[PDB]
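Visitor: Before we start, here is the structure in question, set down as structure tokens.
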Ligand SMILES: O=c1ccn([C@@H]2O[C@H](COP(=O)(O)OP(=O)(O)O)[C@@H](O)[C@H]2O)c(=O)[nH]1
Ligand SMILES: O=c1ccn([C@@H]2O[C@H](COP(=O)(O)OP(=O)(O)O)[C@@H](O)[C@H]2O)c(=O)[nH]1
Ligand SMILES: O=c1ccn([C@H]2C[C@H](O)[C@@H](COP(=O)(O)O)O2)c(=O)[nH]1
Ligand SMILES: O=c1ccn([C@H]2C[C@H](O)[C@@H](COP(=O)(O)O)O2)c(=O)[nH]1
Ligand SMILES: [Mg+2]
Ligand SMILES: [Mg+2]
């Protein structure tokens with residue numbers, strides 16, 4: 001019975017950065033980071049299935065997207081049962097969606113011919129099902145679109161220095177950025193999950209370095225939150 | 001209220017052949033076959049010609065062992081779960097026969113493919129958690145009440161595989177069948193296969209020797225089933 005909100009955007013736009021700005025001096029706010037740490041070592045509930053994916057996508061992209069998405073829905077679900085339901089005015093923020101996996105990233109790869117048509121049918125059969133009983137409660141109350149041009153994104157992918165993702169072309173980020181605008185701005189993107197069409201969208205321009213200029217966005221979120 | 005019973009055995013032992021003799025036998029009896037149909041042609045799940053993932057897994061197992069086993073298990077979990085909600089729930093002595101359980105998927109077919117090196121370490125690591133957590137979530141509904149093992153020599157299975165005519169599996173070596181036979185015997189007969197799900201060790205099994213052609217001489221066996229069920 002908490003306000004579940006997704007912090008969405010591109011590769012190193014600054015999601016995890018703002019997620020940690022929000023984790024701070026907000027007792028009624030706790031964040032759920034995408035398991036990009038647990039995708040790096042694949043062990044018992046290591047091996048790098050993200051690097052394997054980035055390396056031979058026309059091979060591991062499917063195995064990966066499946067593990068990636070499962071790890072999300074596992075962590076997301078588990079967070080609420082525990083944590084702090086008792087607090088009076090709670091908000092739980094999710095680094096990425098279960099939807100962004102299927103509709104922006106896994107779709108992207110399929111189109112980029114990394115996912116065999118039959119790999120795509122399976123992924124979808126799987127996803128449309130995982131989010132029925134497990135992603136039942138786990139439904140969204142709002143999405144925060146951290147907008148950043150693919151241009152800055154690329155500099156900030158290096159600025160990070162994550163080696164698996166250093167061989168990323170602007171053209172890739174560019175093709176992602178378009179799936180984003182199509183989903184969260186223009187809203188031309190059509191999903192199987194029909195409630196998602198109506199839910200709110202706070203667009204924030206994170207092109208301008210917000211590391212020590214966070215105080216404005218946080219006001220604009222506190223606003224967006226009063227709404228829901 | 002619904003008794004759940006697994007019909008287990010090696011490839012082409014006579015699971016469906018046996019399960020259809022019992023489906024006819026009573027009104028309070030119903031079967032849940034394995035979705036080999038949706039594996040042969042992978043479709044978009046529509047209600048009011050897709051690839052063959054089983055053929056893919058066969059011709060190049062290095063590549064489709066994991067992909068198939070995941071789909072295979074999902075489709076099973078999906079199908080089974082569906083049967084319980086069906087209209088036959090209100091009856092006196094209603095049983096359910098399942099063509100293979102979610103345990104044979106992992107502990108026989110998936111594990112062997114990992115032993116045969118077709119599926120890599122991290123491919124295996126992923127499978128297991130997935131199968132664990134997924135199965136554990138909403139687990140109570142699917143617990144078996146008993147298992148029926150249809151015992152046939154790997155050579156009988158090779159004959160029945162040929163008797164069937166499944167193009168894709170017409171290349172299955174004796175050794176493959178021989179390997180799977182050992183994993184069934186280990187689990188369902190010698191009862192030495194340790195599985196994560198602990199309830200299993202306490203479920204009653206009924207082993208039958210389908211080495212002789214039962215399409216005709218089924219009378220003896222059924223009566224055994226009937227009495228095995230009276231003791232559940
Ligand atoms: O105001 C900011 C926010 C982020 N970053 C850089 O952006 C990356 C962090 O982005 P993050 O991983 O948080 O975003 P996500 O990957 O979740 O999109 C790193 O390179 C940071 O140094 C930056 O330089 N200034
Ligand atoms: O006593 C028997 C049992 C089976 N079969 C044939 O053997 C093949 C494999 O049987 P089935 O599909 O039932 O085996 P399963 O794969 O279900 O264990 C089929 O063509 C059956 O008609 C047969 O001729 N006689
Ligand atoms: O559905 C997803 C989600 C994430 N990623 C990868 C992209 C990034 O390299 C890595 C971490 O995400 P960012 O925080 O860098 O966006 O996750 C995918 O490939 N597919
Ligand atoms: O978990 C499974 C289940 C089935 N099969 C294969 C073996 C058979 O060729 C076919 C199913 O038919 P029978 O098991 O009914 O023979 O799928 C597997 O490899 N793994
Ligand atoms: Mg990240
Ligand atoms: Mg069969």
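The first residue you see is number 1, and the count goes up from there.
Structure method, as recorded: X-ray crystallography, 3.7 Å.
Here the Cβ of each residue, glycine as well, is placed from N, Cα and C on the backbone.
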Visitor: A:54, A:65, A:96, A:101, A:165 show up in Swiss-Prot as binding substrate; which entry in A:34, A:119, A:139, A:198 does that record put in the same site?
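Guide: When Swiss-Prot describes the substrate site, the candidate it includes is A:34.
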Visitor: Mind computing the max CA-CA distance among A:34, A:54, A:65, A:96, A:101, A:165, which the record assigns to substrate binding, rounded to whole Å?
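Guide: Max span of the substrate binding residues, Cα based, is 19 Å.
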Visitor: Once the chains shown are all counted, how many other Cβ atoms turn up within 10 Å of the Cβ of residue A:34 (substrate binding site)?
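Guide: That number is 22.
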Visitor: Can you tell me how many other Cβ atoms are located within 10 Å of the Cβ belonging to residue A:9 (ATP binding site)?
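Guide: Excluding its own Cβ, the number within 10 Å is 25.
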Visitor: Spanning 13 missing residues, the endpoints are residue A:45 and residue A:46. What is the Cα distance in Å?
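Guide: Once the 13 missing residues are skipped, the Cα atoms sit 12 Å apart.
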Visitor: Between the recorded positions A:12, A:95, A:159, which lies closest to residue A:34 (substrate binding site), Cα to Cα?
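Guide: Checking each of A:12, A:95, A:159 against residue A:34 (substrate binding site), the shortest Cα distance is to A:95.
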Visitor: Give me the long-range Cβ neighbours of residue A:12 (ATP binding site): same chain, 6+ apart, Cβ under 8 Å, in sequence order.
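Guide: Sequence-distant Cβ neighbours: A:153, A:156, A:157, A:159, A:160, A:162, A:165.
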Visitor: Compare the Cα of residue A:9 (ATP binding site) against each of the binding-site residues A:54, A:65, A:96 and report the nearest.
Guide: A:96
